[PDB]
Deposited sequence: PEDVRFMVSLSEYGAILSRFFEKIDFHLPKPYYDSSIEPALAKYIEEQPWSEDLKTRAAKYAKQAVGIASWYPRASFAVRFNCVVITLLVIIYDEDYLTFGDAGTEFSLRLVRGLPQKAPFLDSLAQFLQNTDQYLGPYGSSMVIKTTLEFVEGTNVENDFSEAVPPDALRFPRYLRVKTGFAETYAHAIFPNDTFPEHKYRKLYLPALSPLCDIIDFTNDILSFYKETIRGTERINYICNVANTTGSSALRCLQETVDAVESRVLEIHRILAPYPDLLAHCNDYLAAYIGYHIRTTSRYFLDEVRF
């Protein structure tokens, strides 16, 4: 009885997704395969000064990280592989931040102090941030760093709201902090293809709508695995329903409309720049297709859309 507000019937959820895909003209990409990413990530893991136990667990985490390469089908190996590596490291964080007790709780200070971290995988995370200039310009590097700091600490703080009714702006704030979207958005515009000194002023207006698309599209497409089929009640859609007193269904529909509006805004902003726009369109189709095709995480074969 108390859970009705957060449930959505399967037929209605499938209809939400069908309307969403119609409205943004989503067309599923052909199946992505990159026989290069998995061996390279295995070699990365082997090279880390990690315990045998962490390397063993990282094999499972790597299976899910490698799908991120499919989001940037045209990008250089450097872009795809680095996006995959940072995804592996934040999956490990999401798994171990409580086990490591207070480790990530000191990540940012130890990072800016140049001090060894309390766990080797956090040293690997520090080194990644130290070498983002391998694939991003300096603005992109800065934002990957600041986004990682937000993610580490927001993940810590998330575990405290297992949400005040009057806090209308809080659900989006929490989702910004833990969604990691800015890191992926910057790889839509890699520094080798779009050097910042010439292109940053052209694509910067699209970064905020892209970050919304990345967060919100995952909220729409992972609501089944999080809340319908799962036990998750403190995600963005449930938080919005709690602070507005609305149903999960109505919040999902508002979020669908928000994504469509961001897509339209990006299509308008980047109309003069066909290559920048093509990178955005390619990302979005690959991103949605990744959610549909990865059934071990999102279970979308169980929904009719």
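Annotation: deposited residues 163-164 form the one stretch not represented by C-alpha coordinates in the model.
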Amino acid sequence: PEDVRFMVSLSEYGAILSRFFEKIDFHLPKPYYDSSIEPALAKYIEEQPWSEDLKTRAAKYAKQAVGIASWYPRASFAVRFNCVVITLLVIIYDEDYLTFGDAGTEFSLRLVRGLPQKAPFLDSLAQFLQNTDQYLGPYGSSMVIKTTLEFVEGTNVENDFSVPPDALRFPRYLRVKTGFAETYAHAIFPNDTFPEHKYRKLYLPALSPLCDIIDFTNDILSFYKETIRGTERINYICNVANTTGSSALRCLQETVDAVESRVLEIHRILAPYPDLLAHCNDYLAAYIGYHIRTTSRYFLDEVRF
From here on, numbers count along this sequence of modelled residues.
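For the pair 188-196 and 139-147, the mean B factor over Cα atoms is greater in 188-196. Here 82-90 and 164-172 are compared by their mean Cα B-factor, and 164-172 comes out higher. Looking only at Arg262, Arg250, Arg57, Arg268, the residue with the top Cα B factor in the deposited structure is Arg57. Highest C-alpha temperature factor among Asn239, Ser246, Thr255, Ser35, as the PDB entry reports it: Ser35. When all modelled residues of the chain are sorted by CA temperature factor, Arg110 is found within the lowest third. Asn156: CA B factor in the middle third of modelled residues in this chain (values from the PDB entry). Per the PDB record, residue ranking by Cα B-factor puts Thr227 in the middle third of the chain. Ranked by C-alpha B-factor against the other modelled residues of its chain, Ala40 falls in the highest third.
Compared with the other modelled residues of the chain, the Cα B-factor recorded for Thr99 ranks in the highest third.
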